[PDB]
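Heads up, the thing below is written out as structure tokens.
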Amino acid sequence: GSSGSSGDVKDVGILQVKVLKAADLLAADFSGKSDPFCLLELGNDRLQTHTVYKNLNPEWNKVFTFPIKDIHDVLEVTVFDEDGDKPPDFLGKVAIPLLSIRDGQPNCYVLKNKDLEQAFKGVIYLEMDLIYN
């Protein structure tokens, strides 16, 4: 038991993500509401947040931990909008290199679409943290 689990390569660190919430979220329906959701995808594993209905600003406030295989990786949080039988739609994205991760400060990351060159609509607040084994 005491012995460790030595064997598989030693990871460089761990990326701790914390989904706070979303502000100024575009409205899919005419009424003025939507059922968006945050979907974290890194390396090979992926995790999403609880889907909130009848709310333009879902207070996710969740946490997600993923192994850091390559320090040259980049986490991307794509928020879509679930529409019943119909599949989810793309409502902007956010690309941020782990390196950038300096401190656990609330840094707002505007939702930029494939054309990062410009913006899309509203912004988001994601709190990430870089850890080292």
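Don't overthink the numbers, they just go from 1 along the chain as shown.
Heads up, header says this was done by solution NMR.
Backbone N, Cα and C atoms are what each Cβ position is placed from, and that goes for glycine too.
Here the PDB entry flags 1-7 as expression tag.
Following the DSSP three-state reduction, the secondary structure of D29 (Ca(2+) 3 binding site) is coil. The Ca(2+) 3 binding site feature in Swiss-Prot is assigned to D29, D35, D81, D83.
With a cut-off of 8 Å between CB atoms and residues at least 6 apart in sequence, the same chain places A28, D35, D89 near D83 (Ca(2+) 3 binding site), listed in sequence order. Sequence annotations record features per position, and here Swiss-Prot assigns Ca(2+) 4 binding site to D29, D81, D83, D89 based on sequence analysis.
Following the DSSP three-state reduction, the secondary structure of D83 (Ca(2+) 3 binding site) is strand. Its Cβ taken as reference, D89 (Ca(2+) 4 binding site) is surrounded by 13 other Cβ atoms within 10 Å in the chains shown. Apart from the site residues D29, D35, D81, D83, the chain places the Cβ of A28, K33, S34, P36, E82, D89 no farther than 8 Å from the centroid of the site's Cβ atoms, the recorded Ca(2+) 3 location.
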